[PDB]
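Contents: one structure, followed by commentary.
Quick reminder, even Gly has a Cβ in these numbers, built from the backbone with ideal geometry, and neighbours come from all protein chains shown. Please treat every number below as a calculation from the coordinates, not as lab data.
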2 protein chains.
Amino acid sequence: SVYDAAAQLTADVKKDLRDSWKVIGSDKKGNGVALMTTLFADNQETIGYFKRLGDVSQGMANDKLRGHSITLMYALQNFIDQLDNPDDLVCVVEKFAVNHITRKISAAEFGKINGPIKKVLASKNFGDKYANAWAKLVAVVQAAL
Amino acid sequence: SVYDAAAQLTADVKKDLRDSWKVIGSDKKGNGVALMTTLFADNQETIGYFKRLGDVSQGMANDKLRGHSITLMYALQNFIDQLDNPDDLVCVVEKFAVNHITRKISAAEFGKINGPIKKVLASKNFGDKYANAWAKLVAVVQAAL
Ligand code: HEM
Ligand code: HEM
Ligand SMILES: ClCCc1ccccc1
């Protein structure tokens with residue numbers, strides 16, 4: 001269950017998530033847009049899903065993309081803040097899961113975000129250990145998809 | 001005009017928003033649920049819109065309502081963090097406006113949240129001064145609906 005996936009996040013994993021978020025989460029606009037642009041660059045097949053955002057190749061200049069990207073970072077902020085209470089983490093993960101289920105995003109497709117996350121983390125010198133920690137958090141969302 | 005509405009957020013208004021948010025934002029789960037339950041209690045005619053959440057009279061015991069309420073508080077955190085840059089505040093307000101436009105929520109009905117905000121703020125010892133400050137931020141969203 002989602003609860004099982006969440007309840008598994010250990011003290012060490014939570015520490016790595018919080019340490020890396022202190023940095024990447026400090027510039028939500030910059031890193032949020034970087035995450036999205038990287039997703040579109042490496043997984044071009046996902047561009048069609050974001051037609052509401054218009055021309056995503058415009059990057060930071062695209063107001064709809066910027067608004068979406070900043071907001072995405074607050075969804076992550078939400079997850080990070082609920083790490084110590086699995087009950088709260090589960091109900092927020094399920095809420096966001098619905099947002100993607102309605103768009104027909106499968107667990108496998110949601111996992112495509114791991115590549116971009118690994119790259120954005122590396123840009124700030126956070127290695128494989130941190131990318132693995134984030135993959136575990138993404139896995140909690142996948143348990144709900 | 002969302003831009004003209006954003007222009008109404010003067011130095012004094014921004015300070016009151018930040019000062020009150022430091023307190024209310026410290027307990028997103030508790031105050032978020034309080035805001036929602038107050039909305040449903042005082043404006044029963046809005047309950048129909050929240051059909052997805054199930055039995056909202058259950059309050060904190062309703063997992064979907066709790067997840068929704070916590071997430072709502074992060075939307076407000078987002079707005080507060082964008083106060084320095086009107087261009088970024090506007091793009092995040094418009095992103096959320098779309099979420100409500102698709103739910104058939106008008107500017108007038110969105111404005112019904114002002115009652116609950118004033119009531120909960122008052123229970124925290126924050127008077128009309130602060131309620132009015134928040135009404136100005138709410139007015140920015142209303143301009144986009
Ligand atoms: C770290 C992972 C991710 C986070 C935190 C995230 C966050 C969000 C948020 C907060 C929204 C707005 C929901 C709404 O207002 O309805 C959203 C929308 C969306 N997401 Fe994600 N998402 C993630 C990964 C993905 C991936 C990998 C895909 C696709 C392969 C995806 C596809 C979508 C689509 C299509 C929308 C709708 C965009 C629109 O039309 O406005 N998301 N996401
Ligand atoms: C302080 C003002 C408010 C904030 C910050 C707020 C925030 C939010 C957020 C973040 C969502 C989730 C969007 C999504 O995932 O699609 C949402 C959903 C929703 N909001 Fe609001 N909202 C506010 C006031 C209102 C008011 C006054 C109404 C109705 C009179 C309203 C009706 C809705 C509805 C119907 C949904 C969909 C719930 C669902 O089915 O999951 N909102 N709101
Ligand atoms: Cl600044 C506080 C806006 C507010 C949100 C939820 C409950 C009470 C007040």
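Brief remarks follow.
- Across peptide A:64-77, the average count of Cβ atoms from other chains found within 10 Å of a residue's Cβ is 5.
- Calculated label separations, B:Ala41, copies of the chain, 7 Å along the beta-carbon direction, nm: 5.2
- Bins of 5 Å from zero: percent of alpha-carbon pairs in chain B: 2, 9, 19, 24, 23, 15, 6, 2, 0
- Take B:65-72, B:26-33 and order them by the average number of nearby Cβ atoms within 10 Å per residue, most first; the result is B:65-72, B:26-33.
- The calculated Kirkwood hydrodynamic radius for the protein assembly as shown is 19.9 Å, given to one decimal from all distinct C-alpha pairs.
- Placing unit charges on the Cβ atoms of the charged side chains and taking the dipole of chain A about its Cα centre, the candidate lying farthest along the positive direction among A:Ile47, A:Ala11, A:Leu83 is A:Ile47.
- Placing +1 on each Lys and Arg Cβ and -1 on each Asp and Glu Cβ, with no other charges, gives the protein assembly as shown a dipole about its Cα centre of roughly 140 debye.
- Relative contact order of chain B: 37 percent, from C-alpha pairs under 8 Å at least 6 residues apart in sequence.
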